[PDB]
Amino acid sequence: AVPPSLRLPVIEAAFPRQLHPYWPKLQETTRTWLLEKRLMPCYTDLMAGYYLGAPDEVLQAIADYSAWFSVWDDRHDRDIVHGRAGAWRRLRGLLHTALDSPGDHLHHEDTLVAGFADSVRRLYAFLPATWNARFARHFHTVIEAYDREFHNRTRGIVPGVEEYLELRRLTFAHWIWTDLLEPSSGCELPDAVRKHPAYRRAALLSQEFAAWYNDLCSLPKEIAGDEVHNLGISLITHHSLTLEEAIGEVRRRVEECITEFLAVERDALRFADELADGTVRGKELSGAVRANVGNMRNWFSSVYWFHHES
């Protein structure tokens, strides 16, 4: 049930889908939140196949943040095609402020900002302040990355290949989704653990696959819409690739993500085994790493099948 150019047999054979038991209540509860926040007149299935093991309240807050994220991206796109640079700048500034102090913005006149503030307020309630500050530091970067995308897209500038890859780690919010692994498994990871090279590399590859596979699926539509910002378009524009050639290159980069992930997933799980040193704290850290890496794995199949279902 998958067009041959988009089919990844290793995902189909070796990454069995998982579904969180709270999924049936997720979409309606998110709809109710969007309605209460006046953010509409779904990515919830995507999240339910990703953050396995999350407490119901954690998954619900992630789903609401994820849905808020979809509304912000629609607004961003509309400001882009209407060239509303003043409106975008003001939103960009309000989101930076609301991120650091959400409580002051819970009833802001801009419903997108008030909804962001409540979403982030709820995410800040699961782990210690040090995790909250990490999330904020990471999302400040996402906001500025969205600003560089506004710059490129309003001016019709196609970024270079590495320039796009570096930017897309930020607009896709790679490190936000990675941060959210930790409230899902109930444990803030020490820097020495989450900065372990196997943990970092596993987390990166999971996110690269998701962002690059999205670009692969959307490439034909986006070149026909004269878009910029897609890995295939940077390759066409800057490496003189034809469309078929760019589809083949993105596809190979996507396939290699998988097998590179399988190798580093072994290293991350060995590390998880090393953390279980016979102490209670070590067992806790080991289970958290193993749960987090398992969800890094779940991202692959959740994203793959989401594209073909939605």
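From 1 onward, residues are counted along the sequence shown.
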### Query
Per the record, how many residues of the deposited chain fall between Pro41 and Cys42 without being modelled: none, 1 to 3, 4 to 9, or 10 or more?
10 or more
### Summary
Assert higher mean C-alpha B factor (141 to 149 or 85 to 93, deposited values) equals 85 to 93
#### Entry: Between the two ranges 17 to 25 and 295 to 303, the one averaging a larger CA B factor in the entry
17 to 25
### Query
Per the coordinate record, which of the options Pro102, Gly232, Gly115, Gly225 holds the highest CA temperature factor?
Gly225
### Task
Could you say which of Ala54, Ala246, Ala67, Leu269 has its CA atom at the highest B factor, as listed in the PDB entry?
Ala246
### Query
What third of its chain's C-alpha B-factors does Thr259 belong to: lowest, middle or highest?
lowest
### Task
Going by the recorded CA B-factors, say which third of the chain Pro159 sits in, lowest, middle or highest.
middle
### Query
Lowest, middle or highest third: where is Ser206 by C-alpha B factor in its chain?
lowest
### Message
Where does the C-alpha B-factor of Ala129 rank in its chain, lowest, middle or highest third?
### Response
middle
#### Entry: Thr237 - which third its CA temperature factor falls in, relative to the rest of the chain
highest
